[PDB]
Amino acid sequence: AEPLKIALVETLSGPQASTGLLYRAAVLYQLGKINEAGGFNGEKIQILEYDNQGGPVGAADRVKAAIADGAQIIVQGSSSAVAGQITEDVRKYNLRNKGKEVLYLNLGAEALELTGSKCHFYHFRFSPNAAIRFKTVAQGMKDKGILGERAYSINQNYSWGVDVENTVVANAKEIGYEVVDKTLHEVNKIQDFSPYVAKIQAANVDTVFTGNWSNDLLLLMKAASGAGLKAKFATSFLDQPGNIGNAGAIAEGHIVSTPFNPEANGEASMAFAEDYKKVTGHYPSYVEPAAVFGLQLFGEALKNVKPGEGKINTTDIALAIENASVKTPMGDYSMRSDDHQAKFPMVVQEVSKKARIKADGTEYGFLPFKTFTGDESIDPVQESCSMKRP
């Protein structure tokens, strides 16, 4: 029997590897569970790791190496720029090597193009995307009565920030808010956000939507606190590890929408968090739940694949993913065939002292206040995705 070989292509060493190493932990955790159940095709699944130190260009080289080493599946998630390279190199390879197609399981790259203008049959996204993040965070705040009528959009000036801005603008009419002004700023360089905060203060808004991460999120929220800006921040990345530890009371009351919260589904979500901590050493945070749950859906798909003469057929695997659904610790996970965007619940959360599980050793944690089903969470199919089918 031919074993299934899955290549993890991630930043796996050095000072920039924090997020890649969380993907590694989630991948080894859930592929470990699938191997505990017997693997695939009567053999354990082999996990091949490729440390990419070279960004998009390095990823092209590592994808070539993985395929040459016999991987039939590539997994990655820490960078949309790298994901855009992987998904196109995989698509191009597949077109030129009919019958030998490789799958790309995208476990966390959230740029809209991956299920839109770059969508294709051998890519599957198991994580949120910009539209899911910001439609659900806005709707959750609207439903709770804390959104207000006036909003500001502030994001980083690259593909991700543009996707977030476009989403926030597009949903204003339907959800019921006004985007008073919008700003795109330099990426991961600004130390003093006070001039941007002054503009937001002048706009007299209730809510600030931002897809910012790391310093661009934290230093912006801190400048807002120092200036007495009263608006709530509506974010996608407030729960990066360390953010609450570094912001403390400055983060209290601000909002994030994510696929998981350990308090959001009673014993099921707690038991998962404790099991994950037993295996990996930490509670599953940030990017890890979506990667685990996506690989849970993947494992369910494998269970439903019929083996033919012991050779692995990635087209059969892709069709099985389209058809699969699994109950995760957060509820039902399935896959949309039109664009291969996964359908799954989203939990809108507030930083609060009243959360039972604390973040970063502080008095604060993420308190869940609204859960949307997958049907309520998934974004509309983009007019730009036209997927050629086998």
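All residue numbers are counted from 1 along the displayed sequence.
- Here 374-382 and 21-29 are compared by their mean Cα B-factor, and 374-382 comes out higher.
- Between 122-130 and 136-144, the higher mean Cα B-factor belongs to 136-144.
- Taking the PDB entry at face value, the top CA B factor among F40, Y50, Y364, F344 belongs to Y364.
- Per the deposited record, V180 carries the highest C-alpha B-factor of all listed residues (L103, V180, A83, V292).
- Annotation for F233: CA B-factor lies in the lowest third of the chain's modelled residues.
- In this PDB entry, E36 carries a Cα temperature factor that places it within the lowest third of its chain's modelled residues.
- Per the PDB record, residue ranking by Cα B-factor puts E300 in the middle third of the chain.
- Among the modelled residues of the chain, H340 sits in the lowest third by CA temperature factor in this PDB entry.
- Compared with the other modelled residues of the chain, the Cα B-factor recorded for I45 ranks in the lowest third.
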